[PDB]
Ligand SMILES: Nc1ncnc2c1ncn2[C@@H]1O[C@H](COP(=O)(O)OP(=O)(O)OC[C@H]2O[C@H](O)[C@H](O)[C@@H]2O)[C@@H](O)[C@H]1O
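What follows is a single chain, given as structure tokens, in the form deposited without the named molecule.
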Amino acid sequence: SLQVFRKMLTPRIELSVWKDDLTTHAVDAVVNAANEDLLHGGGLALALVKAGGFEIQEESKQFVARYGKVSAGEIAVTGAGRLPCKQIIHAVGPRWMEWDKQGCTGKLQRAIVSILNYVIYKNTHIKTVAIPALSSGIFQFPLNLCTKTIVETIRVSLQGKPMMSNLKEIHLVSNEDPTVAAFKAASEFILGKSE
């Protein structure tokens, strides 16, 4: 693990950027990059199941059998199996479509807003959450726009705004150096100098 950026968005909430493996990253809730069927067949999703256990996949299928497919911009929550976290927030980011960049950006923004609402107002026992560069890998969302949308959505949602929450830390995390650099640059341009 390595923290490369940190800043107080509010007096209580810190945003940080990390180089780390999300399967070894200790937080209350890890955000998975899922598809609408919650079938964890590649990428981060597959890693989380391999690290945390097949029960994650089992519960994911149970979720979909009860509530249907998760739309882009929406979330489903399961147990974390044997991951170093207490819950997995399965966020469905959009597949990138050059033909609808605004649409895709909107769904990404919507995913981040759902995550924030979840950890702030819904499950109030979450102190720390880790979010990847949703949609950037298999879903081909350009890394610069991805990380900027995430960081800008968080700032507009919370920066300067004293919330009454148990939320203390939002980690933007990747085990890949280009993504870590992109999160850091995005953070410095949108939030200013690291503390």
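Rigid core (definition): largest C-alpha set, two forms, superposition within 1.5 Å. Residue numbers here begin at 1 and follow the sequence given.
Problem set entry | Entry-level comparison of average CA B-factors, 125 to 133 and 163 to 171, reporting the higher stretch | The deposited B-factors put 163 to 171 ahead on the C-alpha mean.
For this session: Quick one: say whether 41 to 49 or 154 to 162 has the higher mean Cα B-factor in the deposited entry.
Result: 154 to 162 has the higher mean C-alpha B-factor.
Exercise. For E59, does the deposited CA B-factor place it in the lowest, middle or highest third of the chain?
Worked result: According to the entry, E59 has a C-alpha B-factor in the chain's lowest third.
Exercise. Lowest, middle or highest third: where is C146 by C-alpha B factor in its chain?
Worked result: Ranked within chain, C146 CA B lands in the middle tercile.
Exercise. Lowest, middle or highest third of the chain for the C-alpha temperature factor of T179?
Worked result: For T179, the deposited C-alpha B-factor lands in the lowest third.
For this session: Name the third of the chain's ranked CA B-factors that contains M97, choosing lowest, middle or highest.
Result: It falls in the top third of the chain.
For this session: Taking the values exactly as deposited, rank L116 by C-alpha B-factor within its chain and report the matching third: lowest, middle or highest.
Result: Ranked within chain, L116 CA B lands in the lowest tercile.
This protein has a second form, the form deposited with the named molecule bound, left out of what is shown; the following refers to that one.
For this session: Could you tell me which one of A26, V156, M163, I138 places a heavy atom within 4.5 Å of the named molecule in the entry with it bound?
Result: The residue in contact is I138.
Exercise. From the list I126, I170, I56, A133, which entry has a heavy atom within 4.5 Å of the named molecule in the entry with it bound?
Worked result: Looking at the other structure, the residue within range turns out to be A133.
For this session: Assess the spot marked by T10, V17 and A181: is the named molecule within 4.5 Å of a heavy atom from every one of these residues in the entry with it bound?
Result: Contact check failed for every one of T10, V17 and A181.
For this session: Look up in the entry with it bound whether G68 has a non-hydrogen atom within 4.5 angstroms of the named molecule, and give yes or no.
Result: No - in the entry with it bound, heavy atoms of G68 and the named molecule never come within 4.5 Å of each other.
Exercise. Taking 4.5 angstroms as the cut-off for heavy atoms, does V151 touch the named molecule in the entry with it bound?
Worked result: Close contact is absent here: in the entry with it bound, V151 is far from the named molecule, nothing within 4.5 Å, heavy atoms only.
Exercise. Is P142 a contact residue for the named molecule in the entry with it bound, using a 4.5 Å heavy atom cut-off?
Worked result: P142: no contact with the named molecule in the entry with it bound.
Exercise. Applying a 4.5 Å heavy atom distance criterion, does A186 contact the named molecule in the entry with it bound?
Worked result: No, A186 stays farther than 4.5 Å from the named molecule in the entry with it bound.
Exercise. Which residues, if any, of 20 to 47 lie within 4.5 Å of the named molecule in the entry with it bound when only heavy atoms count?
Worked result: Counting only heavy atoms within 4.5 Å of the named molecule in the entry with it bound, the contacting residues of 20 to 47 are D20, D21, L22, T23, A33, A34, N35, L39, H40, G41, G42, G43, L44, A45, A47.
Problem set entry | Residue from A26, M163, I138, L39 whose Cα, after superposing the rigid core, lies 2 Å or more away between this form and the one not shown | Flagged residue: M163.
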